[PDB]
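One structure is given here, and the rest of the page talks about it.
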Amino acid sequence: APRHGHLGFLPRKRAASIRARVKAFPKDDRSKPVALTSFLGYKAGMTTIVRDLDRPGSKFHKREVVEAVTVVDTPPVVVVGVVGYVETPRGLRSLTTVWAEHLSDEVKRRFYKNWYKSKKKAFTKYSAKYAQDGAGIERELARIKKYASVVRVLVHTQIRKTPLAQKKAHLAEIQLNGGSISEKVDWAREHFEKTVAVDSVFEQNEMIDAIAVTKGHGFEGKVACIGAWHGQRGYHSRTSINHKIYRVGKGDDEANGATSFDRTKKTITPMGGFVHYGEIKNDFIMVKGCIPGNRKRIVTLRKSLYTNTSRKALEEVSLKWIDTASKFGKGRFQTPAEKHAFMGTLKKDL
Amino acid sequence: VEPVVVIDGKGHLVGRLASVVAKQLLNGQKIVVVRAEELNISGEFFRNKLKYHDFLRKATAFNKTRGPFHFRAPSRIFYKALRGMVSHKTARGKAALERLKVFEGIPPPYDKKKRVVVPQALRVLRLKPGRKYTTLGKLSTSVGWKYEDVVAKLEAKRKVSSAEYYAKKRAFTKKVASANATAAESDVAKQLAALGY
RNA sequence: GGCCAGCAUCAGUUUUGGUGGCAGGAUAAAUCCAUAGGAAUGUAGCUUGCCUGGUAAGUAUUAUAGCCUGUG
RNA sequence: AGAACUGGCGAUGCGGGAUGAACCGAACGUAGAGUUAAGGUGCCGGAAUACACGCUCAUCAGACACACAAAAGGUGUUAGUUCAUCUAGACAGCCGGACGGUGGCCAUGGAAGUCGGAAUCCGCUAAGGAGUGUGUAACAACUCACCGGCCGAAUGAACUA
RNA sequence: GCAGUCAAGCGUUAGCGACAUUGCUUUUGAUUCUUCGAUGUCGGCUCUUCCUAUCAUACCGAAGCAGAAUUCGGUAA
RNA sequence: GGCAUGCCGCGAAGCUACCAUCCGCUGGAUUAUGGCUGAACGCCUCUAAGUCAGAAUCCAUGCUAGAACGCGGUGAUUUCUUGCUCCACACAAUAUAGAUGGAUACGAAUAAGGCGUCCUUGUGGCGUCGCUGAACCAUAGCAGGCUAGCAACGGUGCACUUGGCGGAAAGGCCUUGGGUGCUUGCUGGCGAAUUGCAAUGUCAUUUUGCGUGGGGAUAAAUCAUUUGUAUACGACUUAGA
């Protein structure tokens with residue numbers, strides 16, 4: 001009979017870092033343009049979407065169905081550097097790293113720990129080398145062109161722009177899908193300090209996989225028949241695959257929550273706000289199902305590492321309405337207008 | 001006589017080469033091995049695979065984490081065979097093993113350095129013609145060594161560079177030989193010839 | 001006025017090389033020379049079909065090579 | 001199971017046998033020199049990865065208290081014995097003959113040789129089975145048992161290690 | 001098993017003996033209504049680990065296997 | 001308002017659920033099996049040589065952890081503990097799994113190759129070599145002195161300087177320009193003693209510290225408060241010049 005879990009997931013010691021490191025990246029298709037392999041963000045909360053589907057041969061074909069969906073915060077991102085790797089018998093080794101020298105205070109805080117007590121002796125000294133006519137970054141580009149057949153770009157999250165006010169941002173590597181590494185490095189150099197749009201990397205109905213750290217539960221350490229004669233739960237990296245993206249959330253403008261059917265002008269911000277989270281005011285991605293971890297936990301979005309031709313991925317969504325009632329209790333209305341209509345005027349109104 | 005000797009694994013028997021390397025190491029002789037992926041083992045491929053699988057089963061019965069690592073790299077496999085020949089659990093064995101180094105392919109700066117072979121260990125010389133033999137590279141690839149393709153490109157590049165260097169050396173030596181022939185018939189040349197040169 | 005070594009030759013144990021003269025075999029035997037013969041895995045030559053100038057067995061037991069046998 | 005008899009341990013050190021209280025050797029004070037028994041001379045392991053005649057492909061050979069699952073069997077290998085084929089053309093490979101009474105006699109819708117079954121003849125020759133098989137309602141259709149046309153020098157059968 | 005039978009081979013070379021072989025081995029799918037002194041602690045829960053002399057799934061194979069479905073040899077833990 | 005976790009209906013939240021929801025991979029090598037070519041044996045043949053398709057089998061793709069004693073890159077590294085670091089030498093102690101000339105670089109085949117040559121550039125012809133590296137350089141001066149010239153103007157140590165190549169651990173190699181020593185390639189003027197018939201007779205550096213003098217830089221994390229996504233206890237992630 002089965003056992004108390006999967007032996008491949010044991011031992012289950014605590015994760016070495018809150019941020020889930022990417023184990024692998026999708027194969028580099030040279031014929032495709034210079035796109036982005038993955039993205040990083042913080043998940044806000046859960047919501048319910050009611051929609052119909054075009055699924056011929058299914059019992060619920062042409063019938064409206066409600067499925068669990070989640071909203072992940074993903075504000076605009078700016079590239080901070082580029083990293084190249086060379087294949088070796090010991091594996092892929094980092095050749096050299098480059099920086100634009102135009103690093104925001106967020107990455108400086110991330111690098112340091114006691115920023116308030118820190119003297120703020122940032123990269124300025126090294127930047128002074130770059131703050132010239134050049135020929136240094138040109139040398140780095142030449143080195144990464146002659147070698148480093150695989151290039152990974154470095155980006156940092158706009159933690160300051162996140163609804164949950166914070167000063168320290170996360171940093172992680174992201175690969176490219178473009179042609180020969182010449183185009184990759186040229187695009188990376190041109191895109192230094194340039195804003196990155198989430199919608200440019202994903203699209204509706206796209207199948208994606210994500211990695212995150214599950215909720216911790218503290219110490220979790222009876223039958224006296226275990227050994228023959230002849231202690232932690234949660235707070236570990238976990239992966240999930242085959243997640244359908246229903247719609248790209250352009251949360252910097254109204255009408256994102258309402259669909260073409262309901263057109264109930266409002267934002268996806270649940271009444272009162274997300275539990276233990278702020279108020280979304282920037283770009284976000286809508287993905288069905290659920291992702292490990294809790295609110296404010298960093299998550300990574302990847303396109304499954306491979307292309308899928310199954311009809312499930314091909315099928316397109318027909319969102320009719322998105323639920324945004326107050327999750328802080330037994331919510332009954334989507335916007336204050338509905339609550340006022342139901343209850344009418346109140347003492348506070350006069 | 002040389003302080004350091006580089007042995008090419010290509011076309012060499014694992015057992016004899018390992019035995020001679022271990023014997024030389026115990027006498028205070030630095031030895032380094034290159035192109036270990038090109039090493040060969042007698043017998044047919046299936047027999048070698050079955051023999052290797054037998055060692056894989058061996059491990060710590062109850063604690064399946066501290067058992068001897070079942071290395072997949074050809075260099076590590078070659079080192080493991082030499083380990084059993086030397087007194088590993090001794091100070092002398094540990095000291096001798098330090099002098100020994102094994103790498104897949106020919107990484108620098110050993111690429112520029114001279115390479116030699118062991119006449120009493122050549123597979124082509126000692127193994128009878130027609131006898132089945134197995135290449136260590138194939139076994140490594142079959143046992144999860146996902147690095148054969150990576151080594152191939154570096155080996156090809158090094159071979160091209162060495163071919164260019166050999167062409168330059170041949171061009172120089174042709175002129176050297178022409179000059180030596182021109183210098184012949186001189187009195188010093190006659191004296192050298194009469195004195196064994 | 002002693003202790004530790006080197007050098008030359010010494011007596012015992014012992015190890016590894018060089019060299020000369022003798023006795024024994026079939027008074028070693030092969031090899032070498034002479035003598036009369038035999039054969040082919042036929043030597044020169046001759047002979048027949050083919051064809052650039054070789055080829056095959058037919059003859060040829062030593063001839064423009066040699067072998068063996070018996071004896072001295 | 002039981003008898004007389006021999007050796008060792010008993011009372012025992014030492015070299016080797018991975019190690020074995022019964023194995024091989026071996027006359028036990030303290031040191032030096034040189035030669036050996038047993039085991040060997042690829043490493044642990046001190047000694048030739050020595051010569052020479054052959055075998056061994058083994059999916060875990062082989063280095064195994066030698067004891068029995070052990071008798072054969074392998075279109076696996078190496079070496080040998082006997083009996084015949086033979087230039088009155090050695091075995092094997094391509095082509096034809098394979099007849100005539102006859103479709104034998106009894107069984108009977110059909111057994112023309114190949115669903116039943118007794119002998120299997122005589123005529124005839126280089127040779128022909130009242131049939132070896134493949135397949136037919138009934139022959140019919142094709143092969144060899146046996147022979148010849150070409151080849152072209154050793155071949156087939158039973159045993160032993 | 002016993003007692004033979006044929007006799008590949010070994011034989012004091014009269015005897016042995018491999019494989020087959022005959023007799024125990026309610027002929028009308030009837031009913032035996034049969035289930036005969038185990039002197040011993042083991043028996044059953046959960047989970048793990050190992051074998052294949054493997055039930056399903058998987059692999060292919062031989063069948064009066066036309067399909068459905070069925071009989072069986074083998075690979076595979 | 002306390003009291004009898006007194007209770008009642010609701011009740012977030014702590015726990016937690018087939019008693020709720022989202023997902024649960026794809027390329028090769030094989031077993032048995034079906035074949036190819038083709039012997040073995042003048043036939044034949046899936047096997048002896050190779051090879052095709054081929055199992056939930058095997059390897060990786062993917063997933064969890066990560067050598068707590070593996071690795072690469074990146075930023076900084078103390079202004080009055082003036083403390084610290086690089087480089088030229090300056091004395092010491094340290095110890096060398098053990099210097100006592102030189103790791104001298106094609107690859108492929110081993111029933112075949114390297115070199116020069118001819119063209120027709122060929123899987124070509126000719127000559128040349130292996131049958132060991134017992135090979136090539138270099139090796140003369142106090143562990144290598146003080147000097148005179150001869151002809152070459154070559155060989156080479158040394159700091160600058162020009163460009164190129166090298167990322168598998170590159171940290172290495174070649175080279176443009178002269179400058180400064182050696183030159184035993186050749187011939188001469190001198191010291192060798194006494195270190196007593198031998199007592200390795202050292203002149204190789206590994207690291208560390210203080211000194212001179214030309215430059216170089218002006219940080220950290222923890223303690224503590226706080227926070228809670230972490231949370232038995234520890235650890236850990238946030239915020240305050």
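Convention: chains lettered A, B, ... in structure tokens order; per-chain residue numbering from 1; ligands numbered from 1 as shown.
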| task | Write out as a ChimeraX atom specification every residue belonging to chain E that has an atom at most 12 Å from any atom of chain B, counting only C-alpha atoms (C1' of nucleotides). | result | /E:48-50
Would you mind listing, as a PDB file with C-alpha atoms (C1' of nucleotides), in the first residue's frame, all residues of chain F that have at least one atom within 10 Å of chain B, where only C-alpha atoms (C1' of nucleotides) are what counts?
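Result saved to out_19.pdb:
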ATOM      1  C1'   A F  29      19.081   2.440 -25.409  1.00  0.00           C
ATOM      2  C1'   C F  58      17.084   1.139 -18.301  1.00  0.00           C
ATOM      3  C1'   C F  59      19.186   6.259 -19.137  1.00  0.00           C
ATOM      4  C1'   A F  60      18.280  11.173 -19.070  1.00  0.00           C
ATOM      5  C1'   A F  97      54.585  12.328   0.377  1.00  0.00           C
ATOM      6  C1'   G F  98      60.686  14.955  -1.030  1.00  0.00           C
ATOM      7  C1'   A F  99      63.918  20.466  -6.808  1.00  0.00           C
ATOM      8  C1'   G F 102      64.258  20.686 -20.029  1.00  0.00           C
ATOM      9  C1'   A F 103      55.557  18.215 -19.204  1.00  0.00           C
ATOM     10  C1'   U F 104      60.115  18.422 -26.103  1.00  0.00           C
ATOM     11  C1'   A F 105      52.081  19.662 -27.355  1.00  0.00           C
ATOM     12  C1'   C F 106      48.685  17.326 -34.156  1.00  0.00           C
ATOM     13  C1'   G F 107      44.693  13.862 -34.998  1.00  0.00           C
ATOM     14  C1'   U F 110      47.057  -0.705 -35.959  1.00  0.00           C
ATOM     15  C1'   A F 111      45.070  -6.563 -41.674  1.00  0.00           C
ATOM     16  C1'   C F 115      57.962  13.136 -44.286  1.00  0.00           C
ATOM     17  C1'   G F 116      59.582  15.569 -49.395  1.00  0.00           C
ATOM     18  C1'   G F 166      43.761  31.380 -25.902  1.00  0.00           C
ATOM     19  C1'   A F 168      37.502  23.226 -20.483  1.00  0.00           C
ATOM     20  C1'   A F 169      40.237  25.036 -14.489  1.00  0.00           C
ATOM     21  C1'   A F 170      41.469  30.749 -19.934  1.00  0.00           C
ATOM     22  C1'   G F 172      49.174  31.142 -21.064  1.00  0.00           C
ATOM     23  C1'   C F 173      51.645  31.648 -25.921  1.00  0.00           C
TER      24        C F 173
END
| request: Quick one: everything within 8 Å of segment 32-45 of chain A, counting only C-alpha atoms (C1' of nucleotides), minus sequence neighbours fewer than 5 positions away in the same chain. Send it as a PyMOL selection string. | output: chain A and resi 25-26+70-75+157+174-179+183-184+187+198+201+274-275+277+294-303
| task | Write out as a PyMOL selection string every residue belonging to chain A that has an atom at most 8 Å from any atom of chain F, counting only C-alpha atoms (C1' of nucleotides). | result | chain A and resi 8-13+18+68+86+88-89+93-97+113+116-119+121-123+126+147+215-219+237+239-243+288-290+294-297+329
Can you spit out the residues from that selection as a PDB file, in the first residue's frame, using C-alpha atoms?
ATOM      1  CA  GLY A   8      11.173  11.308  -3.756  1.00  0.00           C
ATOM      2  CA  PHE A   9      10.067  14.393  -1.807  1.00  0.00           C
ATOM      3  CA  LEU A  10      11.936  13.218   1.320  1.00  0.00           C
ATOM      4  CA  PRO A  11      13.908  14.372   3.233  1.00  0.00           C
ATOM      5  CA  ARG A  12      11.803  17.511   3.678  1.00  0.00           C
ATOM      6  CA  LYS A  13      14.050  19.964   5.517  1.00  0.00           C
ATOM      7  CA  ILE A  18      12.137  32.164   0.503  1.00  0.00           C
ATOM      8  CA  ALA A  68     -11.064  28.636  -9.081  1.00  0.00           C
ATOM      9  CA  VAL A  86      29.679  28.534 -20.732  1.00  0.00           C
ATOM     10  CA  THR A  88      31.886  22.838 -19.229  1.00  0.00           C
ATOM     11  CA  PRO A  89      32.328  19.225 -18.087  1.00  0.00           C
ATOM     12  CA  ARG A  93      29.644  28.136 -15.220  1.00  0.00           C
ATOM     13  CA  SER A  94      29.086  31.877 -14.884  1.00  0.00           C
ATOM     14  CA  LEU A  95      31.576  33.699 -17.111  1.00  0.00           C
ATOM     15  CA  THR A  96      31.018  37.373 -16.269  1.00  0.00           C
ATOM     16  CA  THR A  97      28.317  39.748 -15.053  1.00  0.00           C
ATOM     17  CA  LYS A 113      20.929  44.057   5.361  1.00  0.00           C
ATOM     18  CA  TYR A 116      19.661  52.298   7.758  1.00  0.00           C
ATOM     19  CA  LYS A 117      22.978  51.583   9.499  1.00  0.00           C
ATOM     20  CA  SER A 118      24.716  51.038   6.150  1.00  0.00           C
ATOM     21  CA  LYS A 119      27.040  53.772   4.907  1.00  0.00           C
ATOM     22  CA  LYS A 121      28.710  52.674  -0.216  1.00  0.00           C
ATOM     23  CA  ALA A 122      26.907  51.389  -3.293  1.00  0.00           C
ATOM     24  CA  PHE A 123      28.319  50.343  -6.674  1.00  0.00           C
ATOM     25  CA  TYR A 126      32.791  50.379  -9.859  1.00  0.00           C
ATOM     26  CA  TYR A 147      31.924  32.959 -25.376  1.00  0.00           C
ATOM     27  CA  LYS A 215       3.005  27.970   3.945  1.00  0.00           C
ATOM     28  CA  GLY A 216       5.048  27.046   6.984  1.00  0.00           C
ATOM     29  CA  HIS A 217       3.454  25.264   9.927  1.00  0.00           C
ATOM     30  CA  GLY A 218       6.257  25.102  12.498  1.00  0.00           C
ATOM     31  CA  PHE A 219       7.622  21.992  14.145  1.00  0.00           C
ATOM     32  CA  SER A 237       9.920  24.757  -2.596  1.00  0.00           C
ATOM     33  CA  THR A 239       6.382  23.181  -8.421  1.00  0.00           C
ATOM     34  CA  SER A 240       3.089  23.100 -10.312  1.00  0.00           C
ATOM     35  CA  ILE A 241       2.478  22.839 -14.056  1.00  0.00           C
ATOM     36  CA  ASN A 242      -0.320  23.151 -16.620  1.00  0.00           C
ATOM     37  CA  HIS A 243      -1.930  26.401 -15.465  1.00  0.00           C
ATOM     38  CA  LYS A 288      -6.689  29.426 -12.951  1.00  0.00           C
ATOM     39  CA  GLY A 289      -6.168  26.943 -10.137  1.00  0.00           C
ATOM     40  CA  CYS A 290      -3.901  27.749  -7.200  1.00  0.00           C
ATOM     41  CA  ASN A 294       0.385  32.682   0.739  1.00  0.00           C
ATOM     42  CA  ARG A 295      -0.235  36.357   0.044  1.00  0.00           C
ATOM     43  CA  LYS A 296       2.862  38.571  -0.365  1.00  0.00           C
ATOM     44  CA  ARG A 297       4.996  35.488  -1.151  1.00  0.00           C
ATOM     45  CA  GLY A 329     -16.180  37.788   5.801  1.00  0.00           C
TER      46      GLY A 329
END
| task | Would you give me, as a PyMOL selection string, the residues of chain A that come within 10 Å of chain E, using only C-alpha atoms (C1' of nucleotides)? | result | chain A and resi 1-4+222-228
Only C-alpha atoms, please: the residues just picked out, written as a CSV table (one decimal), in the first residue's frame.
chain,number,residue,atom,x,y,z
A,1,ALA,CA,0.0,0.0,0.0
A,2,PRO,CA,1.1,3.7,-0.3
A,3,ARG,CA,3.1,5.4,2.4
A,4,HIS,CA,2.9,8.8,4.2
A,222,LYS,CA,1.8,5.9,17.3
A,223,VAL,CA,3.0,2.4,16.2
A,224,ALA,CA,6.0,0.7,17.6
A,225,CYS,CA,6.5,-1.4,14.4
A,226,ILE,CA,8.8,0.5,12.1
A,227,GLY,CA,12.3,-1.0,12.3
A,228,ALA,CA,13.3,-4.5,11.4
| request: Mind listing the helix (DSSP H, G or I) residues of segment 89-192 of chain B, per DSSP on the backbone, as a ChimeraX atom specification? | output: /B:91-99,119-121,123-126,136-142,148-183,187-192
| Residues within 12 Å of residue 66 of chain C, only C-alpha atoms (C1' of nucleotides), excluding chain neighbours under 3 positions, as a VMD selection string | chain C and resid 40 42 to 44 61 to 62
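Among the candidates B:70, B:128, B:157, B:47, the residue lying nearest to chain D is B:47 (atoms considered: only C-alpha atoms (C1' of nucleotides)).
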Counting only C-alpha atoms (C1' of nucleotides), which residues of chain D fall within 9 Å of chain B, and what is the closest atom pair for each with its distance in Å at one decimal, ordered by chain and rising number, as JSON lines?
{"residue": "D:42", "atom": "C1'", "partner": "B:19", "partner_atom": "CA", "distance": 6.1}
{"residue": "D:43", "atom": "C1'", "partner": "B:85", "partner_atom": "CA", "distance": 4.7}
{"residue": "D:44", "atom": "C1'", "partner": "B:87", "partner_atom": "CA", "distance": 5.6}
{"residue": "D:49", "atom": "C1'", "partner": "B:120", "partner_atom": "CA", "distance": 6.9}
{"residue": "D:57", "atom": "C1'", "partner": "B:43", "partner_atom": "CA", "distance": 8.2}
{"residue": "D:59", "atom": "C1'", "partner": "B:47", "partner_atom": "CA", "distance": 7.4}
{"residue": "D:60", "atom": "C1'", "partner": "B:51", "partner_atom": "CA", "distance": 6.3}
| field | Nearby residues (only C-alpha atoms (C1' of nucleotides)) at most 12 Å from segment 15-26 of chain C, same-chain spacing under 6 positions excluded, as a PyMOL selection string | value | chain D and resi 33-35
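Atom CA of residue 261 of chain A is positioned 16.1 Å from atom CA of residue 48 of chain A.
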| query | How many Å lie between atom CA of residue 278 of chain A and atom CA of residue 49 of chain A, rounded to one decimal? | reply | 21.0 Å
| said: If we count only C-alpha atoms (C1' of nucleotides) and set the cut-off at 9 Å, which residues sit around residue 9 of chain D, ignoring sequence neighbours fewer than 3 positions away in its own chain? Please answer as a PyMOL selection string. | reply: chain D and resi 12+21-22
